Amino acid sequence: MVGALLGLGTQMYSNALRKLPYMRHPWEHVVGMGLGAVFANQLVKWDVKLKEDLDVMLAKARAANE
Amino acid sequence: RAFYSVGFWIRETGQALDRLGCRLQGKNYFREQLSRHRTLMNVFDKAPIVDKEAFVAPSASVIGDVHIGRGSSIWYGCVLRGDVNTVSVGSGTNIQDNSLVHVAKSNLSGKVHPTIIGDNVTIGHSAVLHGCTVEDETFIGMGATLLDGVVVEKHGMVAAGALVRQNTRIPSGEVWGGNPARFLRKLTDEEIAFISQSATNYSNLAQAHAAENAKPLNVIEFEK
Amino acid sequence: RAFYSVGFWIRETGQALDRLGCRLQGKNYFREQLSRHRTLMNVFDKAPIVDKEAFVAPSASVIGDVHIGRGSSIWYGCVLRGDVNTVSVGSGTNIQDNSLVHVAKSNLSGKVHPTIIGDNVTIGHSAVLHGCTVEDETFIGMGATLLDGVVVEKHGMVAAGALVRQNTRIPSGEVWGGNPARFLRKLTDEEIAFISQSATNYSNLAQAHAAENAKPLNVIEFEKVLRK
Amino acid sequence: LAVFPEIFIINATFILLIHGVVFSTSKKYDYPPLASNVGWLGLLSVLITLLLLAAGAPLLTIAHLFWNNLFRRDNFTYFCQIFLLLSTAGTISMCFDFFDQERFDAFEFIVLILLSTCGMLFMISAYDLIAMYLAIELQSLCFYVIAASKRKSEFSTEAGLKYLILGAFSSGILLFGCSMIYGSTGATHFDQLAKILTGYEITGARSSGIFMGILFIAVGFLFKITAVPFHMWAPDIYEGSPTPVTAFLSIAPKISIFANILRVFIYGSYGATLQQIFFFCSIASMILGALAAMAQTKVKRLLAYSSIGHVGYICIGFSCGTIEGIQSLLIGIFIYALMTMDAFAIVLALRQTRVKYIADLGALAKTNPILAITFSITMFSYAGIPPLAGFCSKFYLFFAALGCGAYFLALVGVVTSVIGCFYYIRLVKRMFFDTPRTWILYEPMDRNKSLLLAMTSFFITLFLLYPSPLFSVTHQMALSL
Amino acid sequence: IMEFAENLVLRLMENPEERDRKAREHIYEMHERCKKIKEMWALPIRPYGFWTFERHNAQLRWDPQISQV
Amino acid sequence: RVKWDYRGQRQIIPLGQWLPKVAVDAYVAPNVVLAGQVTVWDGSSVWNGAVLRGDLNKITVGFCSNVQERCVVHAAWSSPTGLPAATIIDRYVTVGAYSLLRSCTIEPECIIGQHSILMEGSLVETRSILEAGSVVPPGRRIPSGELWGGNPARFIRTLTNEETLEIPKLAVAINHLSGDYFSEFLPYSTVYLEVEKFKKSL
Amino acid sequence: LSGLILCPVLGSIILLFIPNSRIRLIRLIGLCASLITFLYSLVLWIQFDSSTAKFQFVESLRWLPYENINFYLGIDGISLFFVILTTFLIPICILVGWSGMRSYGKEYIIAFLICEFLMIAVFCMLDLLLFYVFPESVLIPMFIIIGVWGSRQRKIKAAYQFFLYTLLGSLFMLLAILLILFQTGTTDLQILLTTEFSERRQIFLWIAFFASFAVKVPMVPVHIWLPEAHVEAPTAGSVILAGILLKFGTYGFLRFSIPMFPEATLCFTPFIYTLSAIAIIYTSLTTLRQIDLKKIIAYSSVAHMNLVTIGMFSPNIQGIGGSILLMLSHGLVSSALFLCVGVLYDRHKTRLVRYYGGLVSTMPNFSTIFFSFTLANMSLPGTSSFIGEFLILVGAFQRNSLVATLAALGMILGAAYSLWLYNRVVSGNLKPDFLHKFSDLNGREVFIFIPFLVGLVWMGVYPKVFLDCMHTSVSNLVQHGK
Amino acid sequence: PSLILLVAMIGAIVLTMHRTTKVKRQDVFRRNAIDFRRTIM
Amino acid sequence: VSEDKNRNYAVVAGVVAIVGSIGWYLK
Ligand SMILES: CCCCC/C=C\C/C=C\C/C=C\C/C=C/CCCC(=O)O[C@H](COC(=O)CCCCCCCCCCCCCCCCC)COP(=O)(O)O[C@@H]1[C@H](O)[C@H](O)[C@@H](O)[C@H](O)[C@H]1O
Ligand SMILES: [Zn+2]
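Chains as they are written, first to last, in the working numbering: chain H, 53 to 118; chain F, 715 to 938; chain V, 2 to 229; chain L, 139 to 619; chain C, 76 to 144; chain U, 139 to 340; chain Y, 9 to 490; chain A, 1080 to 1120; chain D, 47 to 73.
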């Protein structure tokens, strides 16, 4: 996903900060960030599920319209 | 070049895979700080071209777009570093030593032009020819220096320590041997014979020197 | 299992070879970082009898007929093509970097005159001794260009970047200089004192460049420099 | 179970401490410097914990033995603890240069950071005045030690000494608050203290013991987080101490003490009676941040005052007890922590300088221009420039302050943030477009800072393009309280 | 004309439900106006986690008169 | 002693705690000879054949400060006469082709032109362009913004501030070329593979 | 729109992985990405239906779950051709930069920092919170464009007290945006339209938006940032500034002032009336005092923009049509004049104005085109700017024509000094010291001029295709203001 | 408090060891192959 | 055709990591 492009940047941005050129095999380990982005989106879904659960718990609470 | 960059990337991964994907097993051979100037004909998208009968010395680098013809020679320590525009060295020339032939890149302050070295040109040591359209059968002296756009016309025997100035089209056969470029004397004919015979002298001396070998006994000694 | 992982050495050769399959966009990478450089002796027909204690720098292609004395150095990148005419170097003559101590065939009149450089002759960086004899205990200048048959007398320093014309053999102590062959001055006695001091200090300094001839094991053992 | 993040990071610290001490005092290994080897295993004992802690998300609440006695973990403690270990991961990572380049054979600085991280893991889940104090003092004691570590330069010693004095006095105030509250309530457990302090209404109901107790607890905390009226040394504390220990005691105690405040002040005592001091502290903290940042030179002290001001910008989310306010406060801690880890990673990248001010910080637009881009990104983020993440933090904080009717708090926040925006825009201009000023050159930063600076720079710029995960996290944490 | 201008315009069509979009948006925000007003109301939910241990361990020790008789 | 060492010539030659550390992004052309104390800095460019030796003092080229082809840069022992003579080629200095240096302390933003020999204590001031063959005697502080030259280092001209503004552009143009070269070399080398194939022929 | 929306961001990011010292590729491909995003803007124009209150191509993505303050993207009416002008103009900046080397001015950096379509975002962004983020957000790209490749006249800076006030005004609007956001949960612009506020608070919220806007709008008390920002701006930084960054304030008023706070707008009509009027008077008289050409064009732009304000007030469909069409004509004309003055700088390399002389000899086609656009900046009847400004004028439709009588001075002095400056620039055989370096215009130069002249004439002779595609939206806005 | 006493032990050690043991009593750390024997000062 | 201890253990453990992790992202 977009995590692949982001990782190549994070690695290339890292290379740009240490002064090293933009070259090596860690740009192929940015696939790990693609895994990370998929997990982060998966965690967004799981998280909004849990937040909806806590929100219906709150709606049950707070006097429940009384 | 884009695919040249991609090639640099596949090679690094490959060198790395050997360096520590198999030198991992007790081998520090990769770590030896061996030299890399032995890339005599260093390359770019443009490459240096050299014919058979053209001795290049291994102490000398030939970088950039080069077109070493026939008989030309690049002796021990010279640097024909001509990335920007082609170093179109003609035939039978004789750099002879630690000279330099540059179209070396600046901020286009004077629009660096190719260095079309002529024929039978017996350039001397330490000459620092720099953007030089030096024509054929010309002599340049020991420790000399030149400047941009110079055109050393036929038989123009620049002397030692000299510093020719920018864009100076030196006349054909005029001896200029000073820091401020200055004609000194119409060259004599014995000097003409000398400069036209030293050409073939080194042409033979360069077909000699026969590097083309290896010295394993010394390699075995330096190994221990 | 380990050491049979040489398959990754073979796999590297594939990805490395992939430089051929990738040098197509233009003619690229004709350099390969090769191995052969017939440099440190490069005997044409005569061999240098350089001593076991005359440090020559592995860049210095001391061609053909050369002789260096005990304690004298031949510094980084200095070609010495004693191919057409004999060369020699006395004990202590530190021929410094980028030198061109290559002699002659001729220049307009005979003048073979084998370059002979005496003892303690501190020769300067980038010097070009094309065809002159040099006497003992003098100090040529960094950048000098000593032309044919210029007998540089003893204790007479040539200036920095001081080109010397043909046959203009300087006197003793007469500091020369200038693009034309003109004298400058007779400096002082401290000048010769410092000449000898720099000569012996450069001799023992070249004796300190024994790391240049260290062995792979010794190089990687110096790489302990991180710990100290 | 339920202490597997603590059981591990305590066993791992011992395994590292014994492993480090045996080797550093070893003739066979030539007395090697065990820093960056007990490190590396240090920061992995963090990641394995962060893996032990994140995985067992339902398991953290696995017993009752801990509940009504010792400490109560829940979703808030769980998420805030995954953050502390993550922010401790960044802080150990940025130090790897400080161990090798700077001559530190003292590995136990690592094991002390690990013991402090255990103390903070027990602060986050602290659910009893006694546990809150004990974990607070565990982390504060590790930090006094590792802030007085450098014994050669006397500048770090006196800085660590005044840090110890300030921290011990802050803990004394906090502890007198715990005493008054306990003595006037006979209950220390937050689950017990909550039942008592429902309908306490100090300003309406005469209860002086509990009032002075909550006031002293709030004062001790506002000392620990170095809020404005009680910072009192914090600039000199951050300036004198070494840079990585400053990066530690400047970002991680903030996270931990702020989670602890959310525990005691939103559950243990819930009223608009105590948050008045935090409202005043927010006002004066944004004021002091803005002005002193306008006044400072030394980049370390500039970051000190910037952190004080941003801690102020945090407390406006606590200055109103609405869920939106607490969620704004949590958003503000994550965007203040990641940005501070970034700023301190940058300050650690510039090891070559001595204690030097923004003028010597100059030329970075020329030398290492990508690092100057990153530094401008981070400083903008502090300022709150719209297209960045710090803007999202300050903006949601101000929106919570508006929805909470604290219009004046939002007003002082916006004027102080605009002052800061002007100051940091002027700083970036002075760094980029002029003022060469002596061109000090830097050794390159290592991969560890590089990825943290790079990932965090990516987080700051590409945040508004995906704020859903963090907003969901912080709203869940606020609901859980 | 040019052989397709007729169907060249059916790259959008009315599909007017985007107003029910805002209709239900409004339901969203009518609920959301209860974002900041809500807070802690429950003292009967599990935060009353004390008694479940008290009744659980009161008999062992820290007891006035049970061990007597 | 034997000749033709397979190693070629190691371009970075330490001696006695003195490592001529090369900062990254500094294309150190393979012919050069770093030795002793030569601290080349970020963005610099040591080009073909340029030796840089090491004495009691320490050479140091500054940010973007290139040392072009075949340029010797040594340093005198101490020269404690006026100031410690450790060559400091500071930022943006373009030490041109085949020049020569010794213990001179060049100042920011210079252009030390071709074949320009120097000597001790020649603090070539900031923003100063030197003509070709600029030979200098010890102590001649070429002042700021002033074009110079001549065999005894005779002053020639002061420079319009447009040329002074152009000097940094020339330095960064050299640095662009240096990056174009640095993209031609890889962290380690492939020479070892050829050396092993040589050894397995033995 | 779903896929064809993100062309500039995709292009910029996928080029960021091409450093490519050999500029040809980055120039070519950045220009192609810009031109295709402009092509998709124009096919989005063709896709328009001039018959709905709804927004034409609405899209979204959840941004924060509760209250869903999400990327609501509408392009009805005005925004339709605002984003069109944005795209129309961005390739102009990409094309004014075919400079050969372009080395210190690293070409890919300016490509990546002009090819950020946050202007497209803001003009399509239809929930005034995120909409707020973008004009304030484009300041980071604008600041780097303004000075990194911008001409250095001073130590690059902006009046610091004025800049602090400008950003303070921007953040003051932010407090107002939040007050409305939490006032009734209203996330987006459709529902902020539907809702109804307290008249006592509508005026406060209106002026609070107005702070930031009337900084972005160049009204008399705060407009000084345009001259100082332009004289230092690069050739392509001014083309964007005049082109879009001024349209920001007027479009902000248009969307989030008039149909948002109808009662507050009713109450403050005379306020903006007098403000914009005196601003036009001042910026008409000022170019007497200013001799700096960039300041001259910037002040003419201030004049035109306060005309846009003196017209946007109205429930006159003709009124707001003249407002938005003066905006389009201004993004054409002032940017064409900035193109002009940038060519005039570079071809002369001088930053004095008394030095532009003998132009009919050096670059006479530049004389022709410079007139072809200075007749427009004074709004020659027949040009696009005339249709714009006269619908601005007739904006006194239900009115009683007392602010048109101040637009009297505002525009008569404007046209006067327009002619005076076009003379002063092209006047006489005033031989300059340029050493017979004529600098005739480039084929690419007249190219980048082509589209502005084409849009100008196509509007000025046929404003239908722009007044149509707009009337439905503006009339809906007006009835909500009724 | 066990961990706090352990941190007090580690602290009193790392602070007041005072370079009197392996903290600096490792060695002066002077090596021969890394020295230049003062022939050239 | 051999090596030293305490490094082949490390390479075996690195292989155990990547083989093990493969099995993890695989399950
Ligand atoms: C056809 C073309 C493509 C062919 C396939 C291409 C690619 C395959 C991808 C990955 C291969 C595996 C790993 C990738 C590489 C990782 C880095 C390995 C680094 C390495 O050698 O240091 C080993 C330890 O090593 C592991 O800590 C453990 C490293 C274990 C690596 C084992 C690899 C060989 C076994 C076969 C793979 C097993 C797994 C198979 C399934 C997964 C494959 C990925 C120790 O050596 P050493 O004592 O000389 O230590 C080194 C030190 O590591 C360096 O950092 C220093 O620079 C150097 O001076 C020296 O001190
Ligand atoms: Zn010769």
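We put the beta carbon where it would ideally sit given N, CA and C, even for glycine.
Think of a sphere of 9 Å around the beta carbon of C/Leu-118: the chain L residues whose beta carbon falls inside it are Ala-332, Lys-333 and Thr-336, in chain order.
Look at Y/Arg-297 here: in three-state DSSP terms it is helix. When secondary structure is reduced to three states using DSSP, Y/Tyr-74 falls in the coil class, being assigned neither helix nor strand. The beta carbons of Y/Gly-177 and Y/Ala-219 sit about 4 Å from each other, so the pair counts as a contact at 8 Å. In chain order, the residues positioned with their C-beta nearer than 5 Å to some heavy atom of ligand 2 are F/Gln-810 and V/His-103. A distance criterion of 7 Å places the beta-carbon of V/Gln-16 in contact range of ligand 1, judged by its closest non-hydrogen atom. Identification of chain A residues near L/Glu-246 by a Cβ-Cβ cut-off of 8 Å yields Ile-1089, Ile-1092 and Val-1093, ordered along the chain. Where D/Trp-70 is concerned, the enclosing alpha helix (DSSP H) starts and stops at 54-71. The bridge partners DSSP lists for C/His-131 come to none. When distances are taken from the beta-carbon of Y/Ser-49 to the heavy atoms of ligand 1, even the shortest one reaches 7 Å or more.
Shown here, F/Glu-888 sits in a strand according to DSSP, grouped into three states.
For Y/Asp-448, the closest alpha carbon among the candidates Y/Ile-232, Y/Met-227 and Y/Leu-352 is that of Y/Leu-352.
Judged by the Cβ position, H/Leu-72 fails to qualify as a neighbour of ligand 1 at the 7 Å threshold, every heavy atom of the ligand being at least this far. Chain U places no beta carbon closer than 8 Å to that of Y/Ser-322, leaving this residue out of the contacts.
A contact is defined here as three or more CB-CB pairs under 8 Å, and the segment 382-390 of chain L fails this definition with respect to the segment 322-332 of chain L. Counting only unbroken stretches of 4 or more residues, the alpha helix (DSSP H) elements lying wholly within the segment 238-316 of chain Y are 243-248, 254-264 and 270-297, in sequence order. Taking all protein chains in view, the Cβ of D/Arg-53 is surrounded by fewer than 16 other Cβ atoms within 10 Å, so the residue is classified as exposed. Not one heavy atom of ligand 1 sits closer than 7 Å to the Cβ of V/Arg-228. Interface criterion met: the Cβ of Y/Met-109 is under 8 Å from a Cβ in chain F. In the DSSP assignment, F/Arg-899 forms a beta bridge with F/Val-889.
At least one heavy atom of ligand 1 falls within 7 Å of the beta-carbon of V/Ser-6.
Proximity of Y/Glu-240 to chain L, defined by a Cβ-Cβ separation below 8 Å, is not satisfied.
Counting only residues of its own chain and dropping the five nearest sequence neighbours on each side, Y/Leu-347 has a CB closer than 8 Å to the CB of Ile-100, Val-104, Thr-243, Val-247, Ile-456, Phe-457 and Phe-460. From the listed residues U/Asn-313, U/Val-329, U/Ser-327 and U/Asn-186, the smallest Cα separation to U/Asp-163 is found for U/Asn-313. Remark: the shortest separation between the CB of V/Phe-223 and any heavy atom of ligand 1 does not fall under 7 Å. No Cβ of chain Y is located within less than 8 Å of the beta carbon of L/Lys-504.
When only Cα atoms are considered, Y/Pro-229 and Y/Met-313 end up about 14 Å apart.
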